[PDB]
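In structure tokens, the next block holds one chain alone, the form deposited in one PDB entry.
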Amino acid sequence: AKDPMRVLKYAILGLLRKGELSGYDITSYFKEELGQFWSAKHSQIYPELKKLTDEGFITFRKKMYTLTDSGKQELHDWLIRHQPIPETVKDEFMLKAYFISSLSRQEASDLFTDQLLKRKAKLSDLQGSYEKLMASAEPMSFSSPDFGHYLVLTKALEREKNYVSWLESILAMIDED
């Protein structure tokens, strides 16, 4: 068996791509936006840092960490590697939807309404994060230092807006004229 903390590898290498960071700084990033879409078990961060140091991908000189030439190459090779799209992530709500025949019209409406309200609230939170990001002076573009953050946030916003619209569509079907 391989070590599950290896899921943090490219998250850590990527965080160091623009220059040196302390362990505190790295840990802080996992508690901010990165934790929203690439969650760490916080006990796994320092061990994985140590592994990547010992593998020669990172060096340290508070300890301050940077990428080595080997680490930059490891990051690069991963970034440009083409992979098949992965298997669909299990959404327990969607399994319930598959078995909707076991619910009455009202029970189905209540199930989907609960999900809609929760997804709208998540969407609200993401929109808050988006407005914080966009409160920067420099306009957004490919060349912006914040473009990567913009990509993960817009992706999330679109994803949740689409989920909300789909739930609305289904509630309208449950509530057919």
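C-alpha atoms forming the largest set that superposes within 1.5 Å between two forms make up the rigid core. One-based numbering along the sequence shown.
The discussion below concerns the form deposited in another entry, not included here.
Asks: Core fitted between the shown form and the other one: which of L13, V164, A156, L21 shows a C-alpha shift of 2 angstroms or more?
Replies: The one that shifts is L21.
Asks: Using a rigid core superposition, assess whether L103 undergoes a CA shift of 2 Å or more between the shown form and the other one.
Replies: Yes; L103 is a residue whose C-alpha shifts (by 2 Å or more) between the shown form and the other one when the cores are overlaid.
Asks: After superposing the rigid core, is the C-alpha displacement of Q36 2 Å or more between the shown form and the other one?
Replies: Yes; that C-alpha moves by at least 2 Å between the shown form and the other one.
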